[PDB]
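**Student:** Experimental structure and sequence below, a few questions after.
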Amino acid sequence: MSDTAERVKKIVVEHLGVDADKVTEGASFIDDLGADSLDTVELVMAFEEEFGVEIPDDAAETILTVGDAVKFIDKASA
C-alpha cells in the first residue's frame, strides 16, 4: 500500500540481498543487520541518487531504522 516504503525496502533487498520481511519500520540496519555507520551512509546516498533528492549530512545520523530512511526519502521526494 506504501509507495516509498515498497521502494526503499525493495532497493534494500536488491542491494543488501536480504529478506524483505526483515525490512520492517523497526528494523535498524545497524543492529538488526549488524552494520556500521558506513552501510547507513552508502544506503542513504543510493536512495538520494535514485529518487534524485538533496539532504544534509546530519540526515544519515537521524536515519537509524527503515522507517527513518524511508520517511526521509519520502519527505525530500516532495
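**Tutor:** Nice, I can see it. Numbering: from 1, shown residues only.
**Student:** State the distance from residue 77 to residue 52.
**Tutor:** 9 Å (CB to CB, to the nearest Å). In short, each C-beta sits where N, CA and C put it, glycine included.
**Student:** Tell me which residue lies nearest the centroid of the chain.
**Tutor:** residue 69 (3.8 Å; CA atoms, centre = their mean).
**Student:** Nearest residue to residue 68 in space, please, no chain neighbours.
**Tutor:** residue 62 (6.4 Å; CB to CB, 6 or more residues apart in numbering).
**Student:** what's the neighbour count on that neighbour?
**Tutor:** The number of residues packed near residue 62 is 13, by other CB atoms under 10 Å.
**Student:** Am I right that it is in contact with residue 71?
**Tutor:** No: the criterion here is CB atoms under 8 Å, and residue 62 misses it with residue 71 at 9.8 Å.
**Student:** Overlap in contacts, those two.
**Tutor:** Shared contacts of residue 62 and residue 71 (CB atoms under 8 Å, 6 or more residues apart in numbering): none.
**Student:** What about the closest residue to residue 29 other than its chain neighbours, how many residues nearby?
**Tutor:** Excluding the flanking residues, the one nearest residue 29 by CB to CB, 6+ apart is residue 35, at 5.1 Å. Residue neighbour count, defined by other CB under 10 Å, stands at 15 for residue 35.
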